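Here the structure is laid out as structure tokens; the discussion comes afterwards.
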Amino acid sequence: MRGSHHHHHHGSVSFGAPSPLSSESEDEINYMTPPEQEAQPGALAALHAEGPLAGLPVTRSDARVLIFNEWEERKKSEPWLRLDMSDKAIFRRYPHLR
């Protein structure tokens, strides 16, 4: 024995209603360009205790802190004083640090 048939389909739908937003471009986020001149505040310097380096720095951090603190106190007494921290300054002042 054989013989059968069925089929059905109907309908179609759409939703043309998106929700975009473009009304904000960091206008209230703030803190874009804050007034700062340092990025490692508070420091110390380790020193040599004897020989031709007595009272002179052990590291590149110690040498930069010495230049900055020496100049800050000297220049607090002497407001004309110059300041420079390029690698050649550290080599030329502290020949062991090169």
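The angle separating the long axis of helix 60-77 from the principal Cα axis of greatest extent in the chain is about 60 degrees. Among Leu66, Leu53, the order by Cβ neighbours within 10 angstrom, fewest to most, reads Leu53, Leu66.
The phi-based Karplus calculation (6.51 cos²θ - 1.76 cosθ + 1.60; θ = phi - 60°) puts the 3J(HN,Hα) values of the stretch 3-16 at x, 7, 8, 7, 7, 7, 8, 7, x, 7, 9, 9, 9, x Hz, whole numbers, x for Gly and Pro. Extending 7 Å from the Cα toward the beta-carbon at both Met1 and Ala17 defines two label points whose distance is 5.2 nm. Rounded to whole numbers, the Karplus 3J(HN,Hα) couplings from phi for the stretch 81-98 are 5, 7, 9, 8, 9, 4, 4, 4, 4, 6, 4, 6, 6, 10, x, 6, 7, 5 Hz, using 6.51 cos²θ - 1.76 cosθ + 1.60 with θ = phi - 60°, and x at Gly and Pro.
One chain, two ends: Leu83 and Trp71. Fully extended at 0.36 nm per residue, the span grows by 3.6 nm beyond their Cα-Cα distance. Model label points for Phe91 and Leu44, set 7 angstrom from Cα along the Cα-to-Cβ axis, are 3.1 nm apart.
Our estimate of slack between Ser25 and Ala54, defined as 0.36 nm per intervening residue step minus the Cα-Cα distance, is 4.8 nm.
As a length-normalised measure over Cα pairs under 8 Å and 6 or more apart, the relative contact order of the chain settles at 16 percent.
For the chain, with equal point scatterers placed on the C-alpha atoms only and solvent neglected, what are the log10 I(q)/I(0) values from the Debye formula at q = 0.10, 0.25 1/Å, to two decimals? Evaluating at q = 0.10, 0.25 Å⁻¹ gives log10 I(q)/I(0) of -0.56, -1.38. Note on the chain: with charges restricted to the Cβ of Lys and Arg (+1) and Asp and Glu (-1), its dipole about the Cα centre is near 580 debye. Computed from backbone phi with θ = phi - 60° and the Karplus coefficients 6.51, -1.76 and 1.60, the 3J(HN,Hα) list for the stretch 39-45 is 9, 8, x, x, 7, 10, 10 Hz; x is used for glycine and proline.
Just so you know, all these numbers are worked out from the coordinates, no wet-lab data involved. Reconstructed Cβ throughout: ideal geometry from the backbone, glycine too, with neighbour counts over all protein chains shown.
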